[PDB]
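Reading through the structure tokens given below for one structure.
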Amino acid sequence: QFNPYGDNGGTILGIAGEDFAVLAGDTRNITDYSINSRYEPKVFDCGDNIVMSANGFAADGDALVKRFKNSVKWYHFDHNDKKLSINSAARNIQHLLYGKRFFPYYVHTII
Amino acid sequence: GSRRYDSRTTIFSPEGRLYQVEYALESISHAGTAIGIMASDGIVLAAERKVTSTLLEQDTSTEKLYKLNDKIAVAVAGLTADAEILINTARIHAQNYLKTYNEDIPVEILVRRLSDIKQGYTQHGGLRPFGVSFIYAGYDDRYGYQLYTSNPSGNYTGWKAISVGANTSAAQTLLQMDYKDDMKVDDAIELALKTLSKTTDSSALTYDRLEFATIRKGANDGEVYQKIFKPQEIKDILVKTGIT
Amino acid sequence: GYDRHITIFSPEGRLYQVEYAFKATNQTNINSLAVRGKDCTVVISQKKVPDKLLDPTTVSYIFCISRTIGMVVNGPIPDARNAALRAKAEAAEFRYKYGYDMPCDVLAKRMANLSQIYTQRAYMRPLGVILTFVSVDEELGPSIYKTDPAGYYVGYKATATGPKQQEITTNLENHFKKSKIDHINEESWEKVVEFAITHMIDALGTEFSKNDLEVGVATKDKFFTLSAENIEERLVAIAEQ
Amino acid sequence: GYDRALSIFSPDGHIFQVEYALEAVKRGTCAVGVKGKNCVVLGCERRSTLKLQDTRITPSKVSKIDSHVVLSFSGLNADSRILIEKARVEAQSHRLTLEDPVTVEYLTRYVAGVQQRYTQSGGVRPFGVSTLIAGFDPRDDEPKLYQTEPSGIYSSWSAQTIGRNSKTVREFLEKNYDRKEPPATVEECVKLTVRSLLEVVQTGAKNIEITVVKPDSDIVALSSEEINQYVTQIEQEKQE
Amino acid sequence: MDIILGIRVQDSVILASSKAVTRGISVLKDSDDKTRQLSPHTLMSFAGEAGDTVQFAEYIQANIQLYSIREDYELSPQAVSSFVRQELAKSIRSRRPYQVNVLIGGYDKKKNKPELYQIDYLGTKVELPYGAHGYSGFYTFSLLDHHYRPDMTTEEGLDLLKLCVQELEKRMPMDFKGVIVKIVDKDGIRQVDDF
Amino acid sequence: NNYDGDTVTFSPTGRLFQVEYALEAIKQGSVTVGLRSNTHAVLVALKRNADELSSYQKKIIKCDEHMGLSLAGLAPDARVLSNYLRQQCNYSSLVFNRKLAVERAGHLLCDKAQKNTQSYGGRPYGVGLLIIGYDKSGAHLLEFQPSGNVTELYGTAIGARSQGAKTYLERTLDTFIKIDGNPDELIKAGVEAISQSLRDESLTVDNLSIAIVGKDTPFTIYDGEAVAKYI
Amino acid sequence: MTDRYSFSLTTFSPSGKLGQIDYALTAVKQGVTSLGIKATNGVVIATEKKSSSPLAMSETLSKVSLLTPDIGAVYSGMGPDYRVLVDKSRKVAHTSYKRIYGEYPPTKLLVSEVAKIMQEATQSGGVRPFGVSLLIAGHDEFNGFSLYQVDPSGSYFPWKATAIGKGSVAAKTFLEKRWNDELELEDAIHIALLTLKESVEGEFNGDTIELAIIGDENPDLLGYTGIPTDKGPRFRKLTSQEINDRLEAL
Amino acid sequence: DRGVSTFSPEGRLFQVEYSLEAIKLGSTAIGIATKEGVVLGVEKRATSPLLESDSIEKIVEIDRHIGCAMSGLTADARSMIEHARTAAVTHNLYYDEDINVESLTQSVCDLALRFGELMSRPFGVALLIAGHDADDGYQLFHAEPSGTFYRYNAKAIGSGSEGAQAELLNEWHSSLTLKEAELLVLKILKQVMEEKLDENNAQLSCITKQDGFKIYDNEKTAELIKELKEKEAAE
Amino acid sequence: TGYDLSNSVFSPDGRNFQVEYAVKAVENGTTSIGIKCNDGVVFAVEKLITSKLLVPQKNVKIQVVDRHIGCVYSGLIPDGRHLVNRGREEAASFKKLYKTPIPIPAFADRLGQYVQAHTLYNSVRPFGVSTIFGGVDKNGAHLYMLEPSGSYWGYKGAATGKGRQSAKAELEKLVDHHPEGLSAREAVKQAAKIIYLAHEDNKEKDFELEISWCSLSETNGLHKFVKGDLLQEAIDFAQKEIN
Ligand SMILES: [Cl-]
Ligand SMILES: [Mg+2]
């Protein structure tokens with residue numbers, strides 16, 4: 001039977017300071033016991049000083065980031081180039097993820 | 001587009017009248033007169049057939065009086081074809097109620113629903129209203145014997161005695177004159193025929209130009225019987241009252 | 002008077018849009034003719050190519066509906082092609098659903114029923130065409146069935162359509178009065194085509210070259226149109242007699 | 001579906017279909033609502049050109065929407081049934097989800113919303129009906145009287161009338177009704193309602209219907225004799 | 001949910017319904033009323049799947065109340081039961097059926113007779129002198145077969161009902177935390193507060 | 003006259019009056035100017051106010067990082083059409099990872115406006131648009147009319163008294179086309195162009211609206227004190 | 001696109017007339033005369049075959065149509081409208097009756113279904129009424145023989161005998177004189193041919209007259225044998241030869 | 001007749017232009033924006049003295065930071081308010097923040113032209136949408152049935168609009184206090200109103216960053232009316 | 002009367018006045034032509050230079066369908082684009098199902114039926130374009146011209162627009178003088194001349210010439226635009242003939 005999910009491995013890490021924040025992630029991409037790429041970035045600048053990574057199943061990770069980046073773009077169009085605050089971005093992502101509650105994005109997301 | 005040819009059937013006049021309802025009532029006023037008379041021990045339905053031809057098959061014919069269920073019947077005035085659409089709906093509605101509650105449908109409920117259908121055609125859909133007026137004669141264990149009438153507007157009212165169709169003005173005056181509350185069925189039968197006999201546009205009232213029906217509790221003990229009169233039975237009742 | 006704009010009754014019980022669709026029939030100014038042989042059905046139509054820039058091979062009012070059925074149209078080409086495509090689709094579907102080739106008369110009825118719908122339904126206009134269907138039916142033999150914008154249809158011993166249809170009709174009537182039979186008593190289709198052309202020449206009073214005519218022939222198991230040289234060969238035969 | 005925009009603006013800024021629906025209300029039999037200190041009374045005219053009627057079974061002019069709210073109307077009778085039915089359904093739906101019966105304001109607001117929807121929906125004409133909606137909110141003793149009309153506007157009234165010759169009875173109520181001191185008892189409120197109808201009606205026989213609504217789902221309709229007593233009392237005081 | 005009983009006597013119908021609402025290894029509530037008043041002289045008790053029971057009961061309650069307002073008239077217990085059965089008969093062939101079993105106890109004012117109907121989630125209706133749903137019936141039916149008489153009074157019916165509850169408390173595996181008893185008669189519906 | 007009841011009706015001379023009446027709404031609209039060089043494209047729009055208490059109607063809308071337009075006529079229709087462009091620009095990016103060509107942008111608007119002129123019930127769009135953009139084939143300027151007709155130009159103007167600016171640009175064509183690698187000078191030429199359409203009123207700080215896109219410049223709009231430089 | 005005519009094309013005029021029904025009846029009046037006569041042991045329906053052209057084969061055009069084995073129909077008015085009604089009438093006899101009850105519908109009920117279809121064209125959106133009056137003759141076990149007329153309005157009346165179309169006024173008067181309740185089927189056929197000769201102007205023979213009967217069961221026309229209960233169709237179309245035989249003893 | 005979405009020869013939608021005439025018949029509504037807040041005031045205009053004027057709801061809350069006043073066919077505004085309220089709350093749910101006053105207004109105006117042959128006709132009501140957000144501060148918008156909205160420093164709509172707008176033109180300046188604006192609305196309302204202005208036939212409201220949107224009591228407005236009359240007599 | 006107020010209404014003549022009114026919009030438009038040649042077809046069009054501000058070579062009017070069909074039209078330009086969009090959908094579904102690229106006669110009927118469909122209802126407007134189109138298929142070269150009514154025929158030469166009569170007269174001469182056939186490269190040059198000659202009926206504004214062509218030998222059966230040296234060569238040929 002067709003299994004729509006996969007595990008692309010890797011790991012990510014986010015730490016917050018007083019006036020800064022880091023989002024780190026290894027650049028290895030794998031399937032099973034094979035290496036697909038030694039450099040395949042999964043930590044992205046999404047604009048408005050928000051960095052994002054959706055680690056797990058890379059297809060769902062890329063699809064989610066793509067949608068959120070696109071969400072930021074339309075937030076500007078619809079609200080007079082207003083800056084998307086990190087708390088508003090978080091809530092927006094919840095709705096993106098939960099929208100597929102019954103066919104989930106197989107990812108641990110960090111912004 | 002098609003707007004050009006729209007009659008706009010469901011609109012108000014400047015006076016606040018529904019054109020198509022008013023014109024449908026004008027149509028009904030040329031239809032054969034139908035009379036309903038409610039007595040204390042039964043109801044009478046009497047109706048005049050529209051200018052009959054001598055070669056018309058009279059015994060196997062149904063133009064004016066229809067049966068909705070075992071307890072309820074209607075007298076029609078207007079377009080027969082329109083009436084039959086509504087009658088089949090009414091017959092189905094009665095069976096839906098019986099199927100749901102295991103009880104025969106109360107008369108008013110059936111009447112209201114049929115009248116609500118007519119109302120719908122005057123408010124939405126852009127279709128012409130049904131050119132039909134009904135006289136509902138029926139019985140249930142709540143109100144007993146009941147007469148109602150509905151018209152193309154979808155407005156219904158209850159009556160002790162009522163006429164629809166042609167010469168209702170003259171017919172209602174005659175009924176209002178001779179009707180009284182302690183009346184019996186056999187008296188109502190006579191009143192119904194006497195009224196038609198005077199208000200008719202024909203030369204003389206005969207059996208072949210009449211449909212007749214009674215809803216009595218004249219069956220055996222606490223149960224209602226519908227009697228749609230046969231040609232010979234109308235001939236006898238017409239002689240019995242001394243009209244022919 | 003909006004009762005003349007859409008297909009509803011006038012006070013005198015007429016459908017003016019249907020009547021005006023009939024008048025659109027003669028807009029092309031072309032006369033057609035159909036006759037039956039023993040083994041065949043021949044249909045002929047005038048071919049008028051007024052513009053010199055036209056490719057004359059593409060100018061046609063005869064259509065091959067199915068392998069067995071042929072159809073000639075009297076009316077504008079857009080409606081003609083509309084009717085042709087539909088007839089082709091109907092004939093193909095009929096074969097698929099019922100497992101045998103659609104008969105000429107059944108197709109005619111089906112197209113007539115479609116035409117009838119346009120005369121009763123308001124949003125659809127009637128097609129300004131008269132469709133003449135021809136075949137050699139496997140049950141009924143040689144067949145001519147004609148449809149009009151009214152949704153009327155009927156079988157024919159022979160028929161004619163167009164502006165000078167009445168002259169052609171009476172010309173054919175007078176022949177069948179004389180011959181005393183329902184068809185052209187002839188073995189080969191070649192001579193039935195010669196008959197058709199000859200009687201059109203007499204009725205219309207005009208002479209024809211090879212490019213003035215368009216001929217369709219229905220035989221058992223195939224309907225086919227004649228080329229310019231096939232008609233020329235046919236015109237030579239008439240002239241030499 | 002039938003889509004035609006029947007209710008539309010005219011050059012002068014009027015929606016004629018809504019305004020012609022008001023004419024239908026003006027044709028309808030008179031209806032009056034008067035609210036007292038601890039009650040509301042709904043009076044209704046019944047035209048007397050109809051004799052040989054059966055008043056047992058004939059649809060009553062005042063309708064119960066719930067056990068605590070009532071609705072009378074003026075205009076097209078058939079149209080009123082549709083509004084009443086919708087209102088009754090919404091009343092039960094509100095009890096089901098909120099676990100509390102509707103307020104008179106809420107019920108009015110719903111009915112008014114339905115009327116409004118028919119003034120800018122395609123394929124439909126406006127309701128040829130104005131309503132008077134009266135009652136008492138759950139666990140409340142303050143009387144409520146509201147009015148609606150075909151356009152969809154609604155508002156609260158100390159006393160109000162609608163229908164034919166309503167301008168005459170409104171004239172009467174405007175001078176006879178004191179805001180500072182409303183009818184203190186049920187009798188006073190009914191009398192003022194009957195008086196106001198007697199300016200217009202004709203005879204005080206089987207032409208006037210009176211329904212009295214009191215707090216905590218206490219609704220009762222007066223009989224002929226009960227109403228006739230008010231008519232008899234008013235006329236004797238008039239001859240002075 | 002679990003225990004719902006019904007006993008029709010001479011002049012009334014008596015419905016007993018367990019108070020326990022258990023989920024998992026926890027009795028969440030011990031005062032739950034597993035009934036709704038459909039009309040002044042009609043009471044419906046219910047038992048079955050969590051959520052479905054109350055959702056169904058209140059949906060029926062709303063429909064019967066809507067009918068009452070529309071017609072200004074109370075539906076007979078027979079009419080209500082037939083309506084309820086049809087709703088369950090529709091339900092069973094739905095995408096997700098109501099898994100609710102009900103008893104409908106009513107007093108017909110026209111006939112002056114008490115009436116008890118037992119309807120399961122399939123839409124299986126039966127009129128009975130006494131009824132029960134679930135495992136309760138396996139004890140109470142035989143008990144009532146013995147002790148029930150058709151001409152009993154309401155007081156005799158309550159003693160007969162006590163005899164059922166005692167037997168159930170003795171032999172049933174689960175603690176159902178007693179019952180709420182209600183009586184339906186000519187004067188309407190009232191609850192027995194000390195049982 | 004008898005042939006202007008709807009868009010689905012041709013006149014006897016072959017005219018669509020509803021489309022022409024929609025075109026008339028543009029002539030009533032406030033003037034806006036478009037012009038480009040080989041490196042940049044510039045929109046200049048005269049904004050209009052209801053009165054002194056009101057704000058000035060925003061004429062310029064951004065479609066993507068590399069494209070946007072200015073409007074003249076019914077503003078709600080411009081919002082619908084600009085929103086449609088935003089989606090088409092965005093579809094091209096998400097699906098093909100490709101910036102939408104300004105020429106295709108015009109083709110898409112043409113086809114959307116056309117469908118409204120051939121069907122019963124609907125109406126033509128009552129707005130004209132000037133689309134500027136910078137894509138893989140350099141700078142572009144389009145003029146959209148609600149008849150469906152889209153036209154690629156070096157410079158143009160639409161709105162009331164647009165003929166003054168259009169004549170000026172027709173004279174200045176050879177000058178402003180070669181203003182390459184200089185944003186401020188190309189804007190100045192546009193501000194001078196729109197000045198030819200002014201009567202009684204002059205360009206103030208909250209009246210003037212300027213937008214620009216180019217080789218190393220995303221589509222950005224300038225309003226308020228940012229346009230004080232050019233008065 | 002799409003049928004935007006979702007409103008009635010037939011509406012009440014101020015006088016109360018339904019214009020399109022009246023005009024449809026006017027179209028029926030123009031139509032060729034057809035008639036029906038009911039006998040004690042059968043029914044006859046007849047009409048003139050108005051040929052559009054002498055080249056046209058009038059055999060291919062059937063004005064009298066079988067609806068069920070025991071029911072037949074004839075018309076006056078617009079032929080195309082009639083043709084589609086026959087198609088719908090035949091289908092509705094199956095879908096709304098035979099596929100439910102496993103037997104053919106009685107005359108009155110099939111008539112009722114046809115009337116319903118015609119009534120709907122009088123009220124539904126974007127359609128004109130049918131421009132025909134039907135005469136439906138039929139037999140069924142419990143009602144015996146019957147003859148019905150169906151008008152454009154959707155109204156239907158049972159008749160002992162009647163005529164519709166061109167010369168219906170004169171034809172009805174003729175039938176009133178000749179009809180009695182003791183007529184045998186052969187006597188009704190004889191009267192039908194007499195009545196029809198009055199309205200027909202040109203040729204009067206088996207090729208210009210179409211005539212069918214509802215009479216005895218026809219086992220020879222059934223097509224199979226072995227089932228005793230199945231005895232064959234009561235509807236039979238008289239041949240061109242069979243008509244001419246009766247025209248000699250006219 | 002003619003199409004609902006038809007253009008006139010001058011290039012305007014007939015139905016939109018006719019709806020504007022309906023709005024002119026409506027009761028006066030005035031809004032004034034200051035740096036201390038935005039004030040909204042309306043003429044109630046009771047058709048009869050028996051009508052309980054406090055049931056006339058022509059000023060309305062959309063969110064805690066956005067208010068709204070109406071004029072024209074006020075029944076048509078109900079669905080507009082309902083939409084605005086849903087839009088405001090929905091945006092808070094999706095983004096965990098207050099929604100911009102302009103974005104709200106734009107969302108309401110999107111309904112305006114969703115009519116034709125969607126609803127059957129345009130709205131017969133104009134709205135004054137007042138509010139505050141962190142970005143653009145205190146704002147007043149005029150939302151029409153054309154789908155167009157203008158921001159205003161001050162604006163009057165309804166029957167006395169052109170007379171009141173001319174008055175607002177002179178009186179408004181960028182340093183008005185909230186109290187000055189309150190009196191100015193009352194002053195201008197009293198001028199254009201048919202009946203004499205009091206607390207029962209006129210209503211005031213305001214939106215401030217601190218306290219949000221507040222409709223004033225009849226007691227509070229009455230004191231402002233009395234304060235207004237004294238100040239006009241004082242010179 | 003009033004028969005001309007609604008589309009799909011027959012006049013008492015048997016005419017659809019709304020279609021004839023659409024023809025007037027076509028007659029109003031710029032001149033476009035089509036020339037059939039030995040092993041292909043050539044299309045050309047008059048582009049009126051309304052202003053100096055029009056970018057040369059960047060308002061392309063001739064459109065390609067699939068990879069082997071060329072379409073040009075006169076009249077309401079947006080209507081023409083709508084028709085081509087449909088043509089492309091029709092050609093795509095044909096290739097999808099039948100694998101082979103759509104034959105020209107097949108394609109002609111697809112447009113024909115679609116345009117004819119817009120004369121059947123009052124809820125749509127007829128097309129305000131006459132469309133000249135064609136290409137090369139398995140059976141060789143084909144040229145067609147389609148009109149608002151849905152009427153189309155195969156042509157040796159076709160012309161429509163304001164200068165149609167001038168172009169037709171010039172086309173008729175080519176057909177007479179070249180009975181054996183005209184070559185593809187010749188037809189391109191002739192097309193230029195005929196547009197220049199047909200420009201005399203629209204001579205207020207000067208114009209821009211645009212030519213395209215399909216040819217089995219020259220373009221390998223594919224539609225291509227005539228550009229650069231070949232275009233300038235054709236322009237010079239046309240300039241020499243007017244003088
Ligand atoms: Cl068919
Ligand atoms: Mg059971």
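Residue numbers (the authors' numbering), protein chains in the order written: chain Z, 1 to 111; chain P, 1 to 244; chain U, 2 to 242; chain Q, 1 to 240; chain X, 1 to 195; chain S, 3 to 233; chain O, 1 to 250; chain R, 1 to 117, 125 to 242; chain T, 2 to 244. For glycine and all other residues, C-beta sits at the position ideal for the given N, C-alpha and C.
Bridge-paired residues (DSSP) for residue i
{"i": "residue 182 of chain X", "result": "X:15 and X:191"}
{"i": "residue 132 of chain P", "result": "P:78"}
Host beta strand (DSSP E) of residue i (start-end)
{"i": "residue 197 of chain U", "result": "That residue, residue 197 of chain U, is in no beta strand (DSSP E); its alpha helix (DSSP H) goes 190-205."}
{"i": "residue 66 of chain S", "result": "62-66"}
{"i": "residue 45 of chain T", "result": "41-49"}
Chain T residues whose Cβ lies nearer than 7 Å to that of residue i
{"i": "residue 128 of chain O", "result": "Those do not exist, as residue 128 of chain O stays about 16 Å from chain T at its closest Cβ, beyond 7 Å."}
Proximal residues of chain O, C-beta to C-beta of residue i below 7 Å
{"i": "residue 153 of chain U", "result": "79 and 80"}
Continuous alpha helix (DSSP H) stretch holding residue i: start and end
{"i": "residue 147 of chain Q", "result": "Unbroken run through residue 147 of chain Q is the beta strand (DSSP E), 144-148; no alpha helix (DSSP H)."}
Chain-ordered neighbours of residue i on chain O, where CB pairs are closer than 9 Å
{"i": "residue 106 of chain U", "result": "60"}
- Task: Compile a chain-ordered list of the residues in the segment 87-106 of chain P whose CB is closer than 7 Å to at least one CB of chain X.
- Result: 100, 101, 102 and 103
- Task: Go through the residues and name those whose CB comes closer than 7 Å to any heavy atom of ligand 2, in chain order.
- Result: X:118, X:119, X:120, X:124 and X:126
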